[PDB]
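Report on one structure; see the data block that follows.
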Amino acid sequence: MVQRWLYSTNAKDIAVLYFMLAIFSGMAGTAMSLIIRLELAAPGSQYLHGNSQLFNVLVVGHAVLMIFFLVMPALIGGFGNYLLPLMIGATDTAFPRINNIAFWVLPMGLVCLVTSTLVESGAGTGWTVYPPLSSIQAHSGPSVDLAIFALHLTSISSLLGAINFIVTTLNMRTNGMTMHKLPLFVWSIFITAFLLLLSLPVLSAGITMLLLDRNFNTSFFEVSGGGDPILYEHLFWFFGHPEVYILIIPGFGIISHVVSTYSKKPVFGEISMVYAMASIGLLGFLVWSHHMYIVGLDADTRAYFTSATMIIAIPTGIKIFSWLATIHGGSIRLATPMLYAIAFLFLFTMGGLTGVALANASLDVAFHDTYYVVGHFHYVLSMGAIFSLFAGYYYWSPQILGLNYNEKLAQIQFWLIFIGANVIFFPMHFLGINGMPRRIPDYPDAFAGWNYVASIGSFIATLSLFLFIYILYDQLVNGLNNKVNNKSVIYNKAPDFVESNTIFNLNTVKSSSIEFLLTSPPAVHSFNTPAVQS
Amino acid sequence: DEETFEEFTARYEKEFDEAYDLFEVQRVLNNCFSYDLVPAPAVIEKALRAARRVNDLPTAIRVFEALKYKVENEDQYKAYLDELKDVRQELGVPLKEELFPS
Amino acid sequence: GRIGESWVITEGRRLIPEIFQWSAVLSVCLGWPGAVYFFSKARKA
Amino acid sequence: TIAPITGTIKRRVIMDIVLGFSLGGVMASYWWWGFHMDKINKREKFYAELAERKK
Amino acid sequence: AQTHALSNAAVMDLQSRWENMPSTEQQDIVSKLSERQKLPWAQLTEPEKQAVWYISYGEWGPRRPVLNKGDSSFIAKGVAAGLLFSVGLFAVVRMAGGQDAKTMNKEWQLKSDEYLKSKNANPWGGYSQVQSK
Amino acid sequence: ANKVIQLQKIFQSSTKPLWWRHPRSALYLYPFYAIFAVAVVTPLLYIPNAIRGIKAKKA
Amino acid sequence: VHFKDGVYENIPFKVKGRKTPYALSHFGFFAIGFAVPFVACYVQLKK
Ligand code: HEA
Ligand code: HEA
Ligand SMILES: CCCCCCCCCCCCCCCC(=O)OC[C@H](COP(=O)(O)OCCN)OC(=O)CCCCCCCCCCCCCCC
Ligand SMILES: CCCCCCCCCCCCCCCC(=O)OC[C@H](COP(=O)(O)OCCN)OC(=O)CCCCCCCCCCCCCCC
Ligand SMILES: CCCCCCCCCCCCCCCC(=O)OC[C@H](COP(=O)(O)OCCN)OC(=O)CCCCCCCCCCCCCCC
Ligand SMILES: [Ca+2]
Ligand SMILES: [Cu+2]
Ligand SMILES: [Mg+2]
């Protein structure tokens with residue numbers, strides 16, 4: 001068993017390893033989020049005895065952990081490496097040793113991030129690593145270097161997996177599959193791979209310039225030397241907004257599939273969904289300077305960037321309305337992936353509308369570095385990535401594990417994370433619009449009420465997570481029992497309203513995707529003969 | 001291209017006449033009723049004939065039960081099941097509501 | 001044609017419950033912090 | 001006989017669309033004409049009293 | 001085709017006892033009913049018709065719904081137990097916390113209101129920070 | 001030297017892992033394994049002094 | 001290459017044939033995942 005997991009070269013074992021590291025680091029990011037929200041419950045130093053440096057360190061640990069080590073490994077790595085060779089009928093993805101080195105370069109990024117947290121002071125620079133705060137004059141010690149190396153190792157992983165995904169879905173399709181006949185999750189991870197490939201160079205450039213300023217006495221960003229800190233903001237946000245579209249677009253893939261398979265009707269205008277995802281992917285790279293409306297850009301530059309940022313509301317609206325058109329007129333079977341899809345729809349529309357109010361450069365005067373932007377981004381990130389992750393897990397885990405999960409516990413877990421995430425991220429808009437600044441361990445004591453109700457919501461969210469990792473244990477030890485009693489949902493699609501039960505039993509899986517006719521846990525090398533398609 | 005109503009009627013008459021076993025009768029009936037129109041009573045008459053020809057009772061009850069869940073009023077269901085009174089009397093299928101009286 | 005009651009009647013009888021139920025559901029989903037401020041001490045009660 | 005009954009979902013979709021736009025317009029008409037107009041009336045009343053005490 | 005009729009001992013009340021009938025008796029009843037199908041359907045008795053309808057479209061097996069009759073109450077009671085347990089844990093780890101700020105008093109916040117009223121801050125909104133006891 | 005046909009025969013007719021199939025494989029593989037073990041043991045070993053504060057003495 | 005496949009051969013860990021309980025390893029994994037930031041907070045506050 002040393003070979004199959006350490007020396008691994010098939011995509012599914014790499015995928016479950018990606019998912020395991022993703023959920024380990026997501027547990028750690030949730031713990032850091034709990035500690036942040038615990039310290040931010042009441043004014044005055046409650047738990048961290050003073051020590052705003054430790055609070056900032058936990059802020060970058062929580063942020064970089066939940067982005068680069070939970071959502072990106074889970075969504076990209078685990079779901080891509082399981083379904084992207086499967087949903088196109090490929091045997092095993094091209095360059096599987098690149099597919100193995102990307103996974104195995106991730107958890108040492110986790111190791112050096114943890115040791116950045118442990119060494120002399122910790123990186124307390126925010127998740128954006130802005131100079132001269134992250135330079136050597138404000139942050140001495142080797143900590144921000146190790147956080148930079150964590151970002152470099154996960155940048156290597158994201159780029160190499162992106163190359164692997166592009167040539168897998170281009171070169172290794174099955175024989176009947178034209179590019180137009182592809183699924184939406186495969187198209188989604190294709191477009192995400194292209195945005196990774198075209199974004200991570202600028203991140204690597206800006207981060208290595210930061211490292212060169214820190215340790216080799218050069219001045220890309222040091223004012224004493226002629227350097228300009230706004231260059232790092234330009235480089236980091238040319239990575240950064242393509243990055244957040246990278247995080248959201250696999251959710252746009254998963255939600256199309258769970259919505260079409262739990263409404264029992266196909267996606268409304270699927271080629272328009274391909275065009276809308278590609279339009280969002282092209283339009284990301286042109287809007288990157290909405291994150292810096294404050295630095296003193298020209299009025300024509302901001303008047304451009306608010307229009308460019310607003311233009312992306314149109315294709316995301318086309319996607320969010322075609323999902324409503326898929327759910328309209330169908331026969332809804334409200335299992336937990338359908339619950340996570342509906343909640344994704346509503347709460348991502350709310351986060352996107354707060355983002356549209358954030359797109360205006362005259363209003364981002366009033367909202368920059370307030371808790372309004374953390375309302376916006378925790379809405380789109382939390383719902384549109386965690387609900388997408390939970391929908392993907394409860395959707396594909398009976399198939400890729402052979403073990404059905406408890407359904408009543410799944411719906412109480414959904415409901416608890418629904419109301420808990422709402423209770424934590426709704427008063428952030430109130431704190432922001434009343435002028436509470438960002439990244440503070442303490443506040444004026446007029447913010448204590450909404451900080452209290454959000455800190456009450458955090459315990460609900462952590463209880464739903466503890467319940468979810470109980471659902472994992474209950475799935476792993478009693479999955480076959482869950483199939484044989486009535487504690488789960490065996491059939492994702494019920495019979496239609498004419499169909500007999502034996503006529504159903506001869507044809508028990510009716511999907512437009514390959515993965516559900518594969519055997520529970522699938523063959524170690526399936527597709528001996530290639531999967532034919534008309 | 002969109003089909004007019006009589007073109008739909010001709011197509012599903014031909015389909016129900018060509019259906020040859022129980023999987024085909026239930027398939028033709030499933031995508032017969034999954035449009036935005038209650039089918040014409042000639043189509044339902046051909047559906048009951050085709051369910052009789054494959055010797056299966058309960059799909060011929062499901063014709064009327066799907067017609068009940070498909071039609072928009074409670075009066076058009078009456079207009080349908082009194083215009084199919086002689087066909088349902090000849091085959092001898094019940095409605096589901098007079099089969100399970102509650 | 002037009003067998004039965006009109007589409008106005010038979011869809012208003014479905015919609016008029018759903019308007020009130022939607023208003024209740026959204027007023028809970030959006031106006032829940034009003035209860036916390038209502039029971040709170042900053043209303044001086 | 002039975003007249004052809006077709007297209008219930010189209011009438012249902014346009015009825016749901018205009019009911020949703022009118023419901024959201026009722027929400028936003030309350031938002032503007034109550035809340036924003038109330039705040040603007042309070043501010044204009046304060047600046048009227050301020051100019052009066054400046055006289 | 002087949003014999004006279006399915007007996008009432010073997011076909012009556014088939015809804016209550018389909019899911020407890022063993023698979024062999026299920027298969028034998030299904031076989032005899034499929035042989036009874038080819039007769040002209042006036043000659044079927046009423047428990048036979050109910051058995052055939054429940055076998056093909058009854059709420060068993062594949063037509064079993066997602067939540068079976070007690071699960072909605074169980075998920076409501078579960079989410080209520082989660083809310084009460086989580087605010088109990090919040091009360092516990094809040095009780096193991098640091099001291100309050102010295103400015104979290106009714107009398108301190110009244111003097112803050114007094115200072116703000118002397119500066120006439122927040123003139124058409126609220127300026128009073130009281131919020132505490 | 002055109003060892004391609006002979007190495008095709010050796011490489012395809014072998015129940016060994018692919019990095020071991022050449023006759024000169026141990027000649028690379030043993031010192032690489034020792035040097036790799038040293039090079040991944042030592043910087044992990046210097047982490048307690050990093051998190052303790054003890055910089056390296058300049059001697 | 002030909003590995004074993006089936007219900008529990010898809011995963012790295014060992015659930016069924018096991019000396020210790022599975023709940024030990026399954027909750028110790030998530031427990032050290034949840035307690036990594038407490039180790040970080042303890043080290044930084046001791047400093
Ligand atoms: C991935 C994106 C992501 C997600 C999901 C979250 C989720 C949460 N975050 Fe955070 N956060 C950020 C990304 C995210 N955050 C970023 C980028 C910053 C910026 C830092 C800066 O500005 O400097 C930030 C900062 C930030 C702040 C602002 C603090 C400040 O700057 O002053 C707060 C405030 O409470 C917070 C807390 C929380 C809490 C309580 C959750 C809760 O939602 C936790 C509940 C979530 C779960 C329980 C997830 C489920 C767990 C899993 C492991 C998924 C399992 C599913 C599968 C494996 C399929 N984090
Ligand atoms: C999940 C990833 C994600 C997604 C998808 C988005 C989506 C959007 N974001 Fe956001 N954003 C972040 C992650 C994301 N963001 C992060 C992490 C930050 C903080 C970074 C930091 O500070 O470090 C941030 C901050 C951020 C800023 C910077 C503000 C500041 O720092 O001062 C801005 C400014 O324009 C912005 C706007 C938008 C807009 C317009 C969209 C749009 O794409 C949303 C599109 C969706 C809709 C528009 C709704 C659906 C459409 C309809 C229902 C149709 C009807 C709608 C209309 C007619 C408008 N967000
Ligand atoms: C601005 C308005 C749009 C906003 C966005 C839409 C809302 C999002 C949710 C959509 C859910 C339903 C989608 C699936 C339906 C479907 O797919 O229907 C498919 C049918 C097919 O018709 P056919 O067989 O004749 O043609 C077959 C060949 N095409 O086409 C329709 O029904 C037509 C519906 C027309 C809608 C007109 C809207 C009029 C109101 C505009 C706003 C007025 C505001 C007034 C305020 C006082
Ligand atoms: C705090 C802010 C958020 C507040 C949220 C609302 C407050 C309530 C919290 C939840 C209480 C638990 C109730 C459990 C219900 C139950 O038990 O469901 C059981 C029901 C009925 O079952 P049955 O008819 O088959 O028969 C059972 C009896 N034999 O099935 C369902 O699941 C369907 C109902 C859920 C619909 C999907 C909702 C998905 C999320 C939507 C997100 C918002 C979109 C809408 C926005 C306007
Ligand atoms: C931790 C305590 C271990 C105690 C062992 C005692 C040994 C005595 C003998 C007992 C029997 C043998 C035990 C060894 C076997 C073992 O347990 O697997 C050992 C491994 C690590 O082992 P290690 O290298 O840390 O062990 C040191 C000694 N060799 O655990 C784990 O991966 C735990 C993993 C947690 C489960 C994760 C659940 C989530 C999975 C999601 C998958 C689905 C993905 C779907 C989406 C793609
Ligand atoms: Ca605090
Ligand atoms: Cu952005
Ligand atoms: Mg800023």
_GNM result for chain E, Cα springs below 10 Å: residue of E:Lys32, E:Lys77, E:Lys111 fluctuating most strongly_ = E:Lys111
*Between rounded, prolate and oblate, where does the stretch B:2-102 land on the alpha carbon gyration tensor, with a ≥ b ≥ c its root eigenvalues, rounded for a/c under 1.5, else prolate if a/b exceeds b/c?*
oblate
_Sites E:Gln43 and C:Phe39, calculated FRET efficiency, Cβ-Cβ separation with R0 51 Å, nearest 0.05_ = 0.10
*So how long is each side of the stretch A:442-534 along the principal axes, counting just the alpha-carbon atoms, biggest first, in Å?*
66, 32, 31
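Hey, how much of the P(r) for the protein assembly as shown falls beyond 55 Å, as a percent of Cα pairs? All intermediate terms of the calculation are to be shown ahead of the outcome.
Details: 115646 of 474825 pairs.
The share of Cα pairs beyond 55 Å in the protein assembly as shown comes to 24 percent.
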*At F:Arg21 and A:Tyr7, where each label point lies 7 Å from the Cα along Cα→Cβ, what is the point-to-point distance in nanometres?*
1.3 nm
_Choice from B:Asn55, B:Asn30, B:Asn73 showing the highest fluctuation, given a GNM over chain B with Cα pairs closer than 10 Å_ = B:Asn73
_Counted charge near A:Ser500, where neighbours are those whose Cβ lies closer than 14 Å (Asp, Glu -1; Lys, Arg +1)_ = -4
*Just add up the charged neighbours of E:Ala121: K/R +1, D/E -1, any other residue whose Cβ is under 13 Å from the Cβ of E:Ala121.*
0
_Least to most buried among A:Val114, B:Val25, A:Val223 (fewest other Cβ within 10 Å first)_ = A:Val223, A:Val114, B:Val25
*Compute the separation of the alpha-carbon centres of the stretch E:16-75 and chain G and state it in Å as a whole number.*
46 Å
*How large is ³J(HN,Hα) for each residue in the stretch F:46-59, as worked out from phi by the Karplus curve 6.51 cos²θ - 1.76 cosθ + 1.60 (θ = phi - 60°), to whole Hz, x for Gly and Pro?*
8, 7, x, 6, 6, 7, 8, x, 7, 6, 6, 6, 8, 10
_Förster-model FRET efficiency, 41 Å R0, F:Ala39 and A:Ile271, C-beta, rounded to 0.05_ = 0.20
*Among the chymotrypsin sites (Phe, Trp or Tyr not before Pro) in the stretch B:45-102, which ones are in a DSSP loop with at most 16 other Cβ atoms within 10 Å of the Cβ? Mind listing them?*
none
*Any of A:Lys12/A:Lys408; C:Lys44/E:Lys117; A:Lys264/B:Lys70; B:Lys46/E:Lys38 with alpha carbons more than 23 Å apart? Name them for me.*
A:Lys12/A:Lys408
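Taking the Cα centre of the protein assembly as shown as the origin, how large is its charge dipole in debye, to the nearest 20, when only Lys and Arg (+1) and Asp and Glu (-1) carry charge on their Cβ atoms?
On the way: 81 positive and 69 negative charges, 650 e Å.
Charge dipole of the protein assembly as shown: 3120 debye, to the nearest 20.
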*Note down the nm distance, to one decimal, between modelled labels 7 Å out along Cα→Cβ at F:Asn2 and at E:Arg64.*
7.1 nm
*asked:* Can you give me the long-range amide H partners of B:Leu37? Hydrogens built in the peptide plane at 1.01 Å from N, cutoff under 5 Å, separation of 5 or more residues or another chain.
replied: D:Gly7
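Ignore the peptide's own chain and count Cβ atoms of other chains within 10 Å of each Cβ in A:487-496; give me the average, rounded. Write down the numbers at each step before the final one.
On the way: counts 2, 1, 4, 3, 5, 0, 1, 5, 7, 8.
Taking all residues of A:487-496 together, the mean is 4.
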*Using Cα centres only, tell me the gap between the stretch A:363-402 and the stretch A:326-362 in whole Å.*
11 Å
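Quick one: which of A:417-426, A:501-510 comes out on top by average Cβ neighbours within 10 Å, and what's the full order, highest first?
Details: A:417-426: 22.6, A:501-510: 14.3.
Packing proxy ranking, top to bottom: A:417-426, A:501-510.
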*Among E:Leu83, E:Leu67, E:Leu110, determine the one that fluctuates most according to a GNM of chain E built with springs between C-alpha atoms less than 10 Å apart.*
E:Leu110
_Shape parameters for chain F, alpha-carbon atoms, Rg then Dmax in Å_ = 20.6, 59
*Simple label model, 7 Å out from Cα along Cβ direction - D:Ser29 to A:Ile440, nm*: 4.0 nm
*Beyond 35 Å, what percent of the Cα pairs of chain A remain?*
34 percent
*Sort E:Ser73, A:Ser199 so the one with the fewest other Cβ atoms within 10 Å of its own Cβ comes first.*
E:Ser73, A:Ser199
*Alpha-carbon centroid distance for the pair chain C / the stretch A:7-76, whole angstrom*: 39 Å
_Translational diffusion coefficient (Stokes-Einstein; Kirkwood radius from C-alpha pairs) of chain D at 37 °C, 0.692 mPa s, in µm²/s_ = 215 µm²/s
*asked:* If each residue of separation counts as 0.36 nm, what is the full-extension length gain between E:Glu107 and E:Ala80 once their alpha-carbon separation is subtracted?
replied: 6.0 nm
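Between A:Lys483 and C:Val25, what FRET efficiency follows from the Cβ-Cβ distance if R0 is 45 Å, with the result rounded to 0.05?
0.85
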*Helical contribution to [θ] at 222 nm, DSSP H n ≥ 4, -39,500 (n - 2.57), averaged over the protein assembly as shown, rounded to 500*: -20500 deg cm²/dmol
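Rounded to whole Å and ordered largest first, report the semi-axes of the equivalent ellipsoid of chain C derived from its Cα gyration tensor (root of 5λ).
Numbers: eigenvalues 359, 10, 4 Å².
Working through the eigenvalues yields semi-axes of 42, 7, 4 Å.
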*Partner chain Cβ atoms within 10 Å, averaged over the residues of A:7-15 - can you pull that number for me?*
1
*Express the relative contact order of chain A as a whole percentage, based on alpha carbon pairs under 8 Å and six or more residues apart in sequence.*
17 percent
*Per-residue mean of other chain beta-carbon atoms within 10 angstrom of the beta-carbon, peptide B:51-59?*
5
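Read-outs throughout are calculated quantities, based only on the coordinates presented, and are distinct from any laboratory measurement. A quick note on method: Cβ atoms are made from the backbone with ideal geometry, for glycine too, and the neighbour counts reach across all protein chains shown.
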